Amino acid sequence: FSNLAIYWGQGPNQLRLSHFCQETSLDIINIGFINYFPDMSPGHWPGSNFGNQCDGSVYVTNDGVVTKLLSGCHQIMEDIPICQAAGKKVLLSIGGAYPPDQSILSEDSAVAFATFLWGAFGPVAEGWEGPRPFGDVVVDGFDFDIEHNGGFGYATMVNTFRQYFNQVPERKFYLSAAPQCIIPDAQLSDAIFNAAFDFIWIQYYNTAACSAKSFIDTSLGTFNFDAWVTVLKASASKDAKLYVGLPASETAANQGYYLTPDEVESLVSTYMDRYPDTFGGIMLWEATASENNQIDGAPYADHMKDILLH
């Protein structure tokens, strides 16, 4: 079967992560966001935000400098294991919408960024004397939701993560990317060409030229999933599965990009049929919008899984 991914962490008044860990239909949950990068953040540690989650406390560096990395995410720490017990993959997402001034400035800081995240969030290692924001929890991988400021250093980060993954062959870890629909994508086409992602979720909303809506109304633009299949072929991500990223309600993205379940089926059955090896499934922005959009007594994400399984 194909997979259903969804982001969580940035939903206004979102329910805690375990609620979605309890939702059968979800296969992958991207937790957003590591939103502050080491080159420009306080203390030069990565920083995090998970909306209404965590108690507000932050770590400080060895020299007393206040960071933006949250240290009291009790609920998330408790909930991730529930997701993984139910068979789900939990990916920690890097970037997100806010703030808009974060980037990577050198290959060195790229390596060091991924090293830091691997130590903080990957396997517990005796040689690590740094922060463990989710304690003994080990995430299943990293998602690159780079929304601003170009594509420097993300390839190096992915390559560094892979190297670290390969030193733990008894466990599988995953790398993913969320480019927008226009090729080249200013943030992620470089990483996609130069480094290997397992999953790539194209955000099929907010860009008129190629949106999922233009599949339904072809006067709007041209849905370009075919082009994304072609562009993988020269890339180091040539074996990536491609997912159709969609808004989970009317108000989750810009006006006019939401599709009804029936509209999604028409798109998905066409493309699932056309690319049975490359089509990975659906990505949803995002969990709260899905949960609040109840259709026939079930949230949007459940109807998305129906379409993928039917």
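The numbering used is simple: start at 1 and walk along the sequence shown.
Of the two segments, 167 to 175 and 87 to 95, the one listed with the higher mean B-factor is 167 to 175 (C-alpha atoms only). A summary of the deposited B-factors shows that, of 139 to 147 and 222 to 230, the stretch with the larger mean C-alpha value is 222 to 230. When the modelled residues of the chain are ordered by C-alpha B-factor, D198 sits in the lowest third. Annotation for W285: CA B-factor lies in the lowest third of the chain's modelled residues.
When the modelled residues of the chain are ordered by their C-alpha B factor, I6 lands in the lowest third. In this PDB entry, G256 carries a Cα temperature factor that places it within the middle third of its chain's modelled residues.
Annotation for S71: CA B-factor lies in the middle third of the chain's modelled residues.
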